[PDB]
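Source file: protein03.txt (compact mmCIF, C-alpha atoms and all ligand atoms)
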# COMPACT_ATOMS: atom_id res chain seq x y z
CA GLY Z 1 -18.96 15.87 -12.38
CA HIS Z 2 -19.21 12.14 -11.59
CA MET Z 3 -19.16 10.32 -8.23
CA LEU Z 4 -16.21 8.02 -7.64
CA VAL Z 5 -16.94 4.81 -5.76
CA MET Z 6 -14.41 2.35 -4.32
CA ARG Z 7 -15.34 -1.34 -4.50
CA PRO Z 8 -13.71 -4.81 -4.67
CA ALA Z 9 -12.16 -5.71 -8.00
CA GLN Z 10 -14.28 -7.89 -10.32
CA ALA Z 11 -13.03 -10.37 -12.96
CA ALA Z 12 -14.38 -8.25 -15.84
CA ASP Z 13 -12.23 -5.31 -14.58
CA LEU Z 14 -9.07 -6.95 -15.99
CA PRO Z 15 -8.58 -4.76 -19.11
CA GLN Z 16 -9.18 -1.57 -17.09
CA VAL Z 17 -6.85 -2.80 -14.32
CA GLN Z 18 -4.22 -3.55 -16.97
CA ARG Z 19 -4.42 0.12 -18.09
CA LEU Z 20 -3.80 1.26 -14.50
CA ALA Z 21 -0.93 -1.23 -14.20
CA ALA Z 22 0.66 -0.02 -17.43
CA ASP Z 23 0.61 3.60 -16.17
CA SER Z 24 1.92 2.76 -12.65
CA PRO Z 25 5.68 2.91 -11.92
CA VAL Z 26 7.43 -0.34 -12.94
CA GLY Z 27 8.82 -0.55 -9.37
CA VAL Z 28 5.27 -1.03 -8.06
CA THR Z 29 5.57 -4.72 -8.85
CA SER Z 30 2.43 -5.55 -6.85
CA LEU Z 31 0.68 -4.00 -9.87
CA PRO Z 32 2.47 -5.69 -12.78
CA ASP Z 33 1.56 -4.93 -16.38
CA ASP Z 34 0.78 -8.62 -16.99
CA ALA Z 35 -2.67 -10.04 -17.85
CA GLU Z 36 -1.99 -13.45 -16.26
CA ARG Z 37 -0.72 -12.01 -12.97
CA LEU Z 38 -3.54 -9.48 -12.79
CA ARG Z 39 -6.14 -12.22 -13.44
CA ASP Z 40 -4.64 -14.24 -10.55
CA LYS Z 41 -4.63 -11.11 -8.35
CA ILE Z 42 -8.34 -10.46 -9.03
CA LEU Z 43 -9.28 -14.17 -8.53
CA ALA Z 44 -7.46 -14.16 -5.18
CA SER Z 45 -9.38 -11.06 -4.09
CA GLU Z 46 -12.72 -12.49 -5.24
CA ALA Z 47 -12.06 -15.68 -3.25
CA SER Z 48 -11.05 -13.64 -0.19
CA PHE Z 49 -14.17 -11.43 -0.25
CA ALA Z 50 -16.49 -14.37 -1.06
CA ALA Z 51 -15.53 -16.52 1.94
CA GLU Z 52 -17.43 -14.38 4.42
CA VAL Z 53 -17.20 -16.62 7.52
CA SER Z 54 -13.78 -18.18 7.01
CA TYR Z 55 -10.26 -16.80 6.62
CA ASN Z 56 -6.86 -18.16 7.54
CA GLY Z 57 -4.36 -15.49 6.54
CA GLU Z 58 -3.89 -16.46 2.86
CA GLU Z 59 -6.22 -13.63 1.83
CA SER Z 60 -5.68 -10.54 -0.26
CA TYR Z 61 -8.18 -7.77 -0.97
CA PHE Z 62 -7.99 -5.79 -4.19
CA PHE Z 63 -10.00 -2.54 -4.52
CA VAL Z 64 -10.71 -0.34 -7.52
CA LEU Z 65 -11.98 3.23 -7.74
CA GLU Z 66 -14.74 3.54 -10.34
CA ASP Z 67 -16.37 6.50 -12.06
CA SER Z 68 -20.04 5.67 -11.33
CA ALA Z 69 -21.26 7.31 -14.56
CA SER Z 70 -18.75 6.08 -17.18
CA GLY Z 71 -17.56 2.87 -15.50
CA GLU Z 72 -13.92 3.96 -15.97
CA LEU Z 73 -11.48 2.75 -13.32
CA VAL Z 74 -9.30 5.62 -12.12
CA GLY Z 75 -7.33 4.01 -9.27
CA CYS Z 76 -6.71 0.80 -7.36
CA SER Z 77 -5.13 -0.45 -4.14
CA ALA Z 78 -4.77 -3.71 -2.21
CA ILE Z 79 -4.11 -5.32 1.16
CA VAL Z 80 -2.26 -8.58 1.75
CA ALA Z 81 -3.59 -10.13 4.98
CA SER Z 82 -0.34 -11.88 5.94
CA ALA Z 83 2.97 -10.95 4.34
CA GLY Z 84 4.85 -14.05 3.27
CA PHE Z 85 1.92 -16.47 3.68
CA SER Z 86 2.58 -18.26 0.35
CA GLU Z 87 6.12 -17.20 -0.56
CA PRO Z 88 8.67 -15.48 1.74
CA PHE Z 89 8.58 -11.71 1.96
CA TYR Z 90 12.21 -10.67 1.56
CA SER Z 91 13.78 -7.40 2.79
CA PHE Z 92 17.21 -6.05 3.56
CA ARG Z 93 17.45 -5.39 7.30
CA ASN Z 94 19.61 -2.36 7.98
CA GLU Z 95 21.33 -3.33 11.20
CA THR Z 96 24.35 -2.19 13.14
CA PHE Z 97 27.16 -4.03 14.78
CA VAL Z 98 30.22 -2.88 16.65
CA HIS Z 99 33.68 -4.09 15.70
CA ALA Z 100 35.98 -3.68 18.71
CA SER Z 101 39.60 -2.73 17.98
CA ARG Z 102 41.39 -3.80 21.17
CA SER Z 103 44.71 -2.10 20.38
CA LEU Z 104 43.16 1.21 19.21
CA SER Z 105 40.38 1.32 21.86
CA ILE Z 106 37.90 2.16 19.08
CA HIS Z 107 34.46 0.56 19.11
CA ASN Z 108 33.30 1.30 15.65
CA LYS Z 109 29.55 1.11 14.98
CA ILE Z 110 28.94 0.03 11.37
CA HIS Z 111 25.76 -0.46 9.28
CA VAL Z 112 25.21 -3.62 7.25
CA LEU Z 113 22.38 -4.87 5.06
CA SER Z 114 21.21 -8.42 5.79
CA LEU Z 115 18.81 -10.36 3.56
CA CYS Z 116 15.90 -11.55 5.72
CA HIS Z 117 12.17 -12.20 5.88
CA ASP Z 118 11.45 -10.54 9.26
CA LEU Z 119 8.21 -8.90 8.13
CA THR Z 120 6.23 -12.18 7.86
CA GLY Z 121 2.69 -12.10 9.28
CA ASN Z 122 2.24 -8.33 9.13
CA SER Z 123 -0.63 -7.12 7.00
CA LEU Z 124 0.76 -5.34 3.94
CA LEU Z 125 -0.57 -2.40 1.90
CA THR Z 126 0.24 -2.80 -1.81
CA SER Z 127 -0.82 -1.98 -5.40
CA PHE Z 128 -1.59 1.71 -4.85
CA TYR Z 129 -2.18 3.71 -8.01
CA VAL Z 130 -4.31 6.72 -8.95
CA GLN Z 131 -4.52 8.59 -12.25
CA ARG Z 132 -2.57 11.86 -12.52
CA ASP Z 133 -5.63 14.09 -12.13
CA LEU Z 134 -6.33 12.52 -8.71
CA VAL Z 135 -2.90 13.19 -7.20
CA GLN Z 136 -3.19 15.33 -4.02
CA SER Z 137 -6.99 14.99 -3.99
CA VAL Z 138 -9.46 13.57 -1.48
CA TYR Z 139 -9.72 10.63 -3.93
CA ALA Z 140 -6.08 9.64 -3.40
CA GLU Z 141 -6.93 9.74 0.33
CA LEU Z 142 -9.94 7.49 -0.33
CA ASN Z 143 -7.97 5.10 -2.58
CA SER Z 144 -5.35 4.54 0.13
CA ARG Z 145 -7.28 4.90 3.38
CA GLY Z 146 -10.43 3.03 2.33
CA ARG Z 147 -8.28 -0.10 2.91
CA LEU Z 148 -7.65 1.07 6.47
CA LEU Z 149 -11.39 1.58 7.08
CA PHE Z 150 -11.93 -1.95 5.72
CA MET Z 151 -9.36 -3.24 8.23
CA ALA Z 152 -11.14 -1.37 11.04
CA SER Z 153 -14.43 -3.12 10.18
CA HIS Z 154 -12.79 -6.54 9.94
CA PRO Z 155 -9.90 -6.53 12.49
CA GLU Z 156 -9.65 -10.33 12.89
CA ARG Z 157 -8.85 -10.75 9.18
CA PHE Z 158 -5.60 -8.81 9.64
CA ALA Z 159 -2.53 -8.49 11.85
CA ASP Z 160 -2.24 -5.94 14.66
CA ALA Z 161 0.48 -4.21 12.64
CA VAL Z 162 0.68 -2.98 9.07
CA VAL Z 163 3.72 -2.56 6.84
CA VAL Z 164 4.11 -0.97 3.42
CA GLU Z 165 7.12 -1.08 1.11
CA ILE Z 166 7.23 2.11 -0.96
CA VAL Z 167 8.79 1.93 -4.46
CA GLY Z 168 12.39 3.18 -4.28
CA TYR Z 169 14.21 5.83 -6.24
CA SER Z 170 14.99 5.54 -9.93
CA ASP Z 171 15.83 8.43 -12.28
CA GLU Z 172 14.09 9.48 -15.52
CA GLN Z 173 16.02 6.93 -17.55
CA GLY Z 174 14.83 4.29 -15.09
CA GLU Z 175 18.22 3.81 -13.44
CA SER Z 176 18.19 2.83 -9.78
CA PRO Z 177 21.43 3.70 -7.92
CA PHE Z 178 20.71 0.99 -5.36
CA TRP Z 179 19.99 -1.73 -7.95
CA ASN Z 180 23.16 -0.77 -9.86
CA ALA Z 181 25.26 -1.01 -6.70
CA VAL Z 182 23.73 -4.19 -5.28
CA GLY Z 183 21.42 -6.61 -7.16
CA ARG Z 184 22.69 -5.80 -10.65
CA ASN Z 185 26.10 -7.16 -9.60
CA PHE Z 186 24.52 -10.56 -8.99
CA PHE Z 187 22.16 -10.57 -12.00
CA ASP Z 188 23.00 -8.06 -14.73
CA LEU Z 189 19.58 -6.85 -15.89
CA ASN Z 190 18.82 -3.14 -15.86
CA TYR Z 191 16.37 -2.02 -13.16
CA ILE Z 192 13.34 -1.78 -15.44
CA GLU Z 193 14.05 -5.29 -16.78
CA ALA Z 194 14.52 -6.73 -13.28
CA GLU Z 195 11.25 -5.20 -12.06
CA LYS Z 196 9.38 -6.31 -15.18
CA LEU Z 197 10.76 -9.79 -14.42
CA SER Z 198 9.82 -9.49 -10.74
CA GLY Z 199 6.30 -8.42 -11.81
CA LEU Z 200 5.62 -11.05 -14.48
CA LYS Z 201 6.71 -13.87 -12.16
CA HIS Z 212 23.06 -14.03 2.59
CA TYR Z 213 26.17 -12.67 4.26
CA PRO Z 214 25.84 -9.04 5.38
CA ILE Z 215 26.62 -6.27 2.89
CA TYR Z 216 28.74 -3.44 4.33
CA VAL Z 217 26.94 -0.12 3.83
CA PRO Z 218 30.27 1.83 4.01
CA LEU Z 219 31.46 -0.15 0.96
CA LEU Z 220 28.54 0.89 -1.24
CA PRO Z 221 28.92 3.86 -3.57
CA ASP Z 222 27.79 7.21 -2.14
CA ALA Z 223 24.90 7.44 -4.64
CA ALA Z 224 23.61 4.02 -3.53
CA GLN Z 225 23.92 5.00 0.15
CA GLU Z 226 22.03 8.23 -0.56
CA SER Z 227 19.29 6.23 -2.32
CA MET Z 228 18.60 3.93 0.67
CA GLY Z 229 15.13 4.64 2.06
CA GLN Z 230 14.34 7.16 -0.69
CA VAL Z 231 11.08 6.88 -2.64
CA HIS Z 232 10.28 7.20 -6.33
CA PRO Z 233 9.14 10.83 -6.87
CA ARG Z 234 5.76 9.47 -7.99
CA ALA Z 235 5.43 7.61 -4.69
CA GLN Z 236 5.93 10.63 -2.42
CA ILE Z 237 2.12 10.99 -2.42
CA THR Z 238 1.78 7.43 -1.15
CA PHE Z 239 4.42 7.98 1.56
CA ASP Z 240 2.88 11.28 2.71
CA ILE Z 241 -0.66 9.84 3.04
CA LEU Z 242 0.77 7.16 5.33
CA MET Z 243 2.90 9.60 7.34
CA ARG Z 244 -0.29 11.51 8.19
CA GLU Z 245 -1.88 8.16 9.17
CA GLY Z 246 0.87 7.62 11.75
CA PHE Z 247 3.20 5.25 9.90
CA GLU Z 248 6.95 5.57 10.52
CA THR Z 249 9.96 4.25 8.63
CA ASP Z 250 11.29 0.87 9.81
CA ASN Z 251 14.86 -0.47 9.35
CA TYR Z 252 13.95 -2.57 6.29
CA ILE Z 253 14.46 -1.68 2.64
CA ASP Z 254 13.54 -3.24 -0.72
CA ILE Z 255 16.07 -5.80 -2.02
CA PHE Z 256 15.94 -4.38 -5.60
CA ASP Z 257 15.76 -0.61 -5.19
CA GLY Z 258 16.28 0.08 -1.48
CA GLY Z 259 12.91 1.83 -1.05
CA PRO Z 260 11.76 2.33 2.53
CA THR Z 261 9.38 0.17 4.51
CA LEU Z 262 6.82 1.92 6.72
CA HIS Z 263 5.10 0.43 9.75
CA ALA Z 264 2.39 1.16 12.30
CA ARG Z 265 0.30 -0.70 14.86
CA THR Z 266 -3.42 -0.75 14.03
CA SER Z 267 -4.08 0.93 17.42
CA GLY Z 268 -2.02 3.91 16.14
CA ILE Z 269 -3.28 4.21 12.56
CA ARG Z 270 -5.53 7.28 12.27
CA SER Z 271 -8.11 5.86 9.85
CA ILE Z 272 -8.45 2.71 11.95
CA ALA Z 273 -8.19 4.07 15.51
CA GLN Z 274 -10.25 7.25 14.89
CA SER Z 275 -12.90 5.69 12.64
CA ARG Z 276 -16.47 5.41 13.96
CA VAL Z 277 -19.54 3.28 13.20
CA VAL Z 278 -22.58 5.53 12.94
CA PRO Z 279 -26.24 5.03 11.95
CA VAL Z 280 -27.47 6.75 8.79
CA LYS Z 281 -30.40 8.96 7.92
CA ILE Z 282 -31.15 9.14 4.23
CA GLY Z 283 -32.88 11.84 2.17
CA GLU Z 284 -31.06 15.14 2.81
CA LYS Z 287 -25.43 20.38 4.18
CA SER Z 288 -21.78 21.36 3.63
CA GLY Z 289 -18.93 20.86 6.10
CA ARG Z 290 -15.73 18.93 5.51
CA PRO Z 291 -14.73 15.79 3.58
CA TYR Z 292 -15.15 12.38 5.22
CA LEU Z 293 -14.17 8.95 4.00
CA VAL Z 294 -17.28 6.77 4.36
CA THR Z 295 -17.69 2.98 3.97
CA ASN Z 296 -20.70 0.69 4.26
CA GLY Z 297 -18.62 -1.67 6.46
CA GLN Z 298 -19.51 -4.65 4.26
CA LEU Z 299 -17.40 -7.50 2.94
CA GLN Z 300 -18.18 -8.72 -0.58
CA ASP Z 301 -20.45 -5.70 -1.21
CA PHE Z 302 -17.92 -3.26 0.29
CA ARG Z 303 -18.29 0.34 -0.93
CA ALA Z 304 -16.49 3.55 0.01
CA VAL Z 305 -16.86 7.17 -1.08
CA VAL Z 306 -15.80 10.70 -0.08
CA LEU Z 307 -18.63 12.91 1.21
CA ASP Z 308 -18.72 16.57 2.27
CA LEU Z 309 -20.62 16.40 5.59
CA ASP Z 310 -21.66 18.70 8.42
CA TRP Z 311 -21.41 15.92 10.99
CA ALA Z 312 -20.03 15.25 14.47
CA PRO Z 313 -20.12 12.21 16.79
CA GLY Z 314 -23.43 11.67 18.56
CA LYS Z 315 -25.82 12.05 15.65
CA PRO Z 316 -26.62 9.92 12.62
CA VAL Z 317 -24.82 10.52 9.32
CA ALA Z 318 -27.07 12.41 6.88
CA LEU Z 319 -26.70 10.80 3.46
CA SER Z 320 -28.23 11.95 0.19
CA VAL Z 321 -30.24 9.40 -1.82
CA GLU Z 322 -27.36 9.38 -4.34
CA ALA Z 323 -24.75 8.74 -1.62
CA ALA Z 324 -26.83 5.95 -0.03
CA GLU Z 325 -27.24 4.33 -3.46
CA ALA Z 326 -23.45 4.49 -4.05
CA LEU Z 327 -22.79 3.00 -0.60
CA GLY Z 328 -25.43 0.27 -1.01
CA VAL Z 329 -27.09 1.25 2.28
CA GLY Z 330 -30.70 1.81 3.30
CA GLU Z 331 -32.78 2.63 6.33
CA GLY Z 332 -31.38 1.37 9.64
CA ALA Z 333 -27.91 0.81 8.19
CA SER Z 334 -24.62 1.95 9.68
CA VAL Z 335 -21.51 3.31 7.99
CA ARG Z 336 -17.90 3.59 9.15
CA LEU Z 337 -16.37 7.03 8.63
CA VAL Z 338 -13.38 9.21 9.43
CA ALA Z 339 -12.56 12.82 8.52
CA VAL Z 340 -10.08 13.21 5.66
CA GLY Z 341 -8.42 15.78 7.96
CA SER Z 342 -4.88 16.99 7.31
CA CA X 401 9.34 -2.34 -3.54
Can the structure in the file be given as structure tokens, please?
Amino acid sequence: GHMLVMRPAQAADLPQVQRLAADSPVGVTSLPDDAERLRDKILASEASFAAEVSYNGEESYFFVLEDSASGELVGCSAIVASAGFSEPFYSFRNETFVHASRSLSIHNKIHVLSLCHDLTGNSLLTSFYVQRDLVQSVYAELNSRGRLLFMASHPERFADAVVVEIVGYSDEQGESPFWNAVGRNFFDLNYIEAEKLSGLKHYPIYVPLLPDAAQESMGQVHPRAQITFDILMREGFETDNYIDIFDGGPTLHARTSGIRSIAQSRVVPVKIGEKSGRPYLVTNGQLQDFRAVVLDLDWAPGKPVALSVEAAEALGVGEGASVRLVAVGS
């Protein structure tokens, strides 16, 4: 019985963000359980939001979902404006080549993994986490897609395409088949240790030569990340031929013109003071004072959005304001 409100991360959020980070999968290294890294993450976001008339691609935007009554943070998510701006964004490219056997007349098409940084410049969705009780709720939708609404309101700050690397598969002892078959052979840490290390901080590989379990794990997600994957599938993202260099998790991609919560979002005037319908994700369209909530509205294009006094307070909007909204849908 409390409203949840999405807003930019604030410095004083650090201990609450650390709690989220500690509960998130270790393979979500964009949300490391490390005070120093999280402080840097929040500072970077604060700088990005604060510079309201300048941006150059170095930016990142870190959002938290807050219980408006208690102040408890129950989720978080982030956007990186330009993948690889400061340090290269590495992936394995899954590519094919054909080895011609002249004497057999076989032209054998073979998959290989090649270390690369092809995804540079794309905007990147990262750091997604919600508490267990928000899984498969409109609030998980808000926590993820509120970033997309933000991107719709500020298109110039971001690329025309978005990528997301979903945490790969590891079992309930924290063993990653892909890590064990690949990276661990070059640096013998277990997966959890390698990801903890990744958090706190060249020739092709033949796919046919990898163990079956590792092959099967390529492009698979951590069970706890299926929610994240599914939200994005409904948004219009599709898997791309790049996988994580540690765990082989899939990379998703979409053009902004084809992302539901960008392309189908609308800017609408409000009328404040007073019905049931269906859930909408609603933002105030602002930068530093960005706010987003889920509202049950009886609304359609062509009329103003009717907001309650409570909803307008949460959104930080008043008379004559506009909001950006999109149906949660299905
Ligand atoms: Ca990853």
Top pick for closest residue to ligand CA 401 (chain X), considering Z:68, Z:10, Z:126, Z:103 and counting all atoms listed in the file: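 Among Z:68, Z:10, Z:126, Z:103, it is Z:126 that comes nearest to ligand CA 401 (chain X).
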Using only C-alpha atoms, the residue out of Z:200, Z:181, Z:242, Z:119 with shortest distance to residue 256 (chain Z) is Z:181
Against region 238-241 of chain Z, which residues of region 66-129 of chain Z fall within 12 Å? For each one I want the closest pair of atoms and the distance in Å (one decimal), counting only C-alpha atoms, rows by chain and increasing residue number, as JSON lines.
{"residue": "Z:77", "atom": "CA", "partner": "Z:238", "partner_atom": "CA", "distance": 10.9}
{"residue": "Z:125", "atom": "CA", "partner": "Z:238", "partner_atom": "CA", "distance": 10.6}
{"residue": "Z:126", "atom": "CA", "partner": "Z:238", "partner_atom": "CA", "distance": 10.4}
{"residue": "Z:127", "atom": "CA", "partner": "Z:238", "partner_atom": "CA", "distance": 10.6}
{"residue": "Z:128", "atom": "CA", "partner": "Z:238", "partner_atom": "CA", "distance": 7.6}
{"residue": "Z:129", "atom": "CA", "partner": "Z:238", "partner_atom": "CA", "distance": 8.8}
So what do you get for CA of residue 146 (chain Z) versus CA of residue 263 (chain Z), distance-wise?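 Computing the Euclidean distance for CA of residue 146 (chain Z) and CA of residue 263 (chain Z) yields 17.4 Å.
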Report as a tab-separated table the residues of chain Z within 6 Å of ligand CA 401 (chain X), each with its shortest atom pair and distance in Å (one decimal), using only C-alpha atoms and all ligand atoms, ordered by chain and increasing residue number.
residue	atom	partner	partner_atom	distance
Z:165	CA	X:CA401	CA	5.3
Z:166	CA	X:CA401	CA	5.6
Z:167	CA	X:CA401	CA	4.4
Z:254	CA	X:CA401	CA	5.1
Which is closest to residue 186 (chain Z) among Z:73, Z:255, Z:332, Z:317, if we use all atoms listed in the file?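 Answer, going by the shortest atom-to-atom distance: Z:255.
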Would you compute the distance between CA of residue 84 (chain Z) and CA of residue 121 (chain Z)? Give it in Å to one decimal.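 CA of residue 121 (chain Z) lies at a distance of 6.7 Å from CA of residue 84 (chain Z).
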Report as JSON, numbers by chain all protein, DNA and RNA residues lying within 12 Å of residue 270 (chain Z), evaluated on all atoms listed in the file, omitting residues in the same chain fewer than 4 positions from it. {"Z": [145, 146, 148, 149, 151, 152, 241, 242, 243, 244, 245, 246, 247, 264, 265, 266, 274, 275, 276, 337, 338, 339, 340, 341, 342]}
Output file for the selection above: C-alpha atoms, as a compact mmCIF listing (two decimals), keeping the file's coordinate frame:
# COMPACT_ATOMS: atom_id res chain seq x y z
CA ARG Z 145 -7.28 4.90 3.38
CA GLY Z 146 -10.43 3.03 2.33
CA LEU Z 148 -7.65 1.07 6.47
CA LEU Z 149 -11.39 1.58 7.08
CA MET Z 151 -9.36 -3.24 8.23
CA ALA Z 152 -11.14 -1.37 11.04
CA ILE Z 241 -0.66 9.84 3.04
CA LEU Z 242 0.77 7.16 5.33
CA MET Z 243 2.90 9.60 7.34
CA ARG Z 244 -0.29 11.51 8.19
CA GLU Z 245 -1.88 8.16 9.17
CA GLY Z 246 0.87 7.62 11.75
CA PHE Z 247 3.20 5.25 9.90
CA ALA Z 264 2.39 1.16 12.30
CA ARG Z 265 0.30 -0.70 14.86
CA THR Z 266 -3.42 -0.75 14.03
CA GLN Z 274 -10.25 7.25 14.89
CA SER Z 275 -12.90 5.69 12.64
CA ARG Z 276 -16.47 5.41 13.96
CA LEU Z 337 -16.37 7.03 8.63
CA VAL Z 338 -13.38 9.21 9.43
CA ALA Z 339 -12.56 12.82 8.52
CA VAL Z 340 -10.08 13.21 5.66
CA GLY Z 341 -8.42 15.78 7.96
CA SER Z 342 -4.88 16.99 7.31
Just checking: using all atoms listed in the file, which residue out of Z:95, Z:193, Z:172, Z:331 ends up closest to residue 232 (chain Z)?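 Using all atoms listed in the file, residue 232 (chain Z) sits closest to Z:172.
Across the structure, CA of residue 89 (chain Z) and CA of residue 61 (chain Z) are spaced 17.5 Å apart.
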Find the residues around residue 217 (chain Z) up to 12 Å (all atoms listed in the file counted), leave out those fewer than 5 positions away in its own chain, and share them as a list in words. residues 92, 93, 94, 95, 96, 97, 109, 110, 111, 112, 113, 114, 178, 181, 182, 222, 223, 224, 225, 226, 227, 228 and 258 of chain Z
Point out the residue among Z:79, Z:330, Z:158, Z:24 with the least atom-to-atom distance to residue 44 (chain Z), counting all atoms listed in the file.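 Among the listed residues, Z:79 lies closest to residue 44 (chain Z).
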Around all the atoms of region 84-95 of chain Z listed in the file, draw an axis-aligned box and extend it by 6 Å on each of the six sides; I want its centre and edge lengths in Å to one decimal, as lines of an AutoDock Vina configuration file.
center_x = 11.6
center_y = -10.3
center_z = 5.3
size_x = 31.4
size_y = 27.9
size_z = 23.8
Just checking: using only C-alpha atoms, which residue out of Z:71, Z:260, Z:174, Z:88 ends up closest to residue 196 (chain Z)?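 Smallest separation from residue 196 (chain Z) among the options: Z:174.
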Which residues are close to residue 324 (chain Z), i.e. within 10 Å by only C-alpha atoms, leaving aside same-chain residues fewer than 2 positions away? Reply as an MDAnalysis selection string. chainID Z and resid 280:283 296 318:322 326:331 333 335
